[PDB]
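Below sits a lone chain in structure tokens, taken as the form deposited in one PDB entry.
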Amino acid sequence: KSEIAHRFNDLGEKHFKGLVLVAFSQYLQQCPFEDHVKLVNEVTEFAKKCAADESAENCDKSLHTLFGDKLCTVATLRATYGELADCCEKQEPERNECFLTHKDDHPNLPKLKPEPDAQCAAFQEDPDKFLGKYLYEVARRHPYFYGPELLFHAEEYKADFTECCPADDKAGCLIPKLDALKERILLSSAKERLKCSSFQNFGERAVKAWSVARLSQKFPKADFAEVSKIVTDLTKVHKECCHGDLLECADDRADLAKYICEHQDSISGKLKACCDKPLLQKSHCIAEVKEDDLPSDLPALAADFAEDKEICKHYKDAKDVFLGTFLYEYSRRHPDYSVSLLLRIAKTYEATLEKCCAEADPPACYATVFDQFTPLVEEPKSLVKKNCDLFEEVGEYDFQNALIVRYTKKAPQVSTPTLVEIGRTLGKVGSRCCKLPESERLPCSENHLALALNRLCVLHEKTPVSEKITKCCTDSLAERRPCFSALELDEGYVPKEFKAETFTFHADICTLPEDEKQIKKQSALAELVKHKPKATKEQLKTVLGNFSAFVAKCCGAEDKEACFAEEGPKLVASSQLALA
């Protein structure tokens, strides 16, 4: 009868309101908080009426119809969102699609800087309004953020203020917590956004393949039936969440967690800790669970995948099940491979069968199929080792610098703030991944790389500037990283005209916290490359060293600006001689 009543009944009022606030903030990213609150309360009032009498008027409409109808009542819709008032002319599902298109991946809203006294005050004042605020602020900023996980993060955010606002050192307790939390949020947003990008750009089959490979590594004791089931269900959850159907998404998510925990003994022994937990923590723990130990009864794969004489008939009869089975088997025994690598191995298996089966004696041809995986494996392994050796030698900041230069050369048309952001993110990947046990570094690195590359691709959809990026971003999901790695200096690139101001620092840099100081220097680095694209990485490092020395000296001077004004312009000119 009434979907809205059904979801209201299933989720309860608290989770329902939270999810509806999230969905509205993601769809209308510029509205003030107070106004979204009103819309939520009205939707929720309706849901309560409907739960009382489902026969009642309009109780029978779709969620998207009801929710889209609300969004369309917003005051100043045409002033604030010029592009969205046309959407309101349309019916479902055409209206939702239109809303989905308008979501803004880089709204560029002010940075959320933890102010512990002003926030503790607001929290003590009204914790409900304060937590609502956190849902709204994050959601607007990350419009494909995994809705139910955001509620989870609100619990953490609430726990942080609960523990820290009474403390002796309130800023000392709190600032490191909110910083860790923000890192976790950024990572989670990027993961989810890759899933939504994958549905958008490559389709559900790609998402399923990704998930089969990843879940098989996580749950290598599970049989293919159980993996298939989980994948099918998990794919439907994320498809709903990526489509804006957050209530349906959350409900289906809760059903999957329930299933997983009832079957935990045949899925993974690491799930025991997760299943002993309240609802949102449970789902979160499942989503993040570590990989189980390999069972001792993993089957040898040659017999079915390389030696069987009827492989060409099985491949032809049920490609999807046969290849899926291959992917499940190979992935469960390879937690030391990245997901994308496993997908490349699966595509190579597929292509080898295609080739061998259109041939005189196929079996003598596909006998050696596993041997074709070797180079796919060895190349990223040596890339990771080389990158991690560099990180360990130079540290995060200089590793970031190296990546900035690398990516600026590959795509000098991209805006400096984007290049800096991706290079900085890539350096953080190094900090995360390079210190792991050595068998974990390839999957950690490549998997996280995929998140950063996807960010760049998402931004480029919004603001296209390079055909080379478009091609890497759209050709093949599993080949994206290798495609980016293979990019070299864009040789058709005309060096950006020199503007001395870009390289000209002033005493204002001296008051910045370290990370913002680095960003300024990294921005100037990216600009050096744009103006001198053939400068070598070693020249660039020297010049950047000369700039950092100059900044540090002038920042410690008696008269900071006189220092910057005297010495700056010499450095700016001589630095150009030191490049290309």
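Basically, rigid core = biggest C-alpha set you can superpose within 1.5 Å across the two forms. Start at 1 with the first residue shown and count on from there.
The next section is about a form of this same protein that is not shown, the form deposited in another entry.
Trainee: Kindly specify the one residue in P417, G395, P362, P335 whose Cα moves by 2 Å or more between the shown form and the other one, with superposition done on the rigid core.
Mentor: Result of the comparison: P362.
Trainee: How about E461 - superposed on the rigid core, does its CA move between the shown form and the other one by 2 Å or more?
Mentor: It does not, since the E461 C-alpha is displaced less than 2 Å between the shown form and the other one after the core fit.
Trainee: Does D117 show a Cα shift reaching 2 Å between the shown form and the other one after rigid-core superposition?
Mentor: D117: C-alpha displaced by 2 Å or more between the shown form and the other one.
Trainee: With both forms fitted on the core, check whether the Cα of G556 differs by 2 Å or more between the shown form and the other one.
Mentor: Yes, shifts by 2 Å or more.
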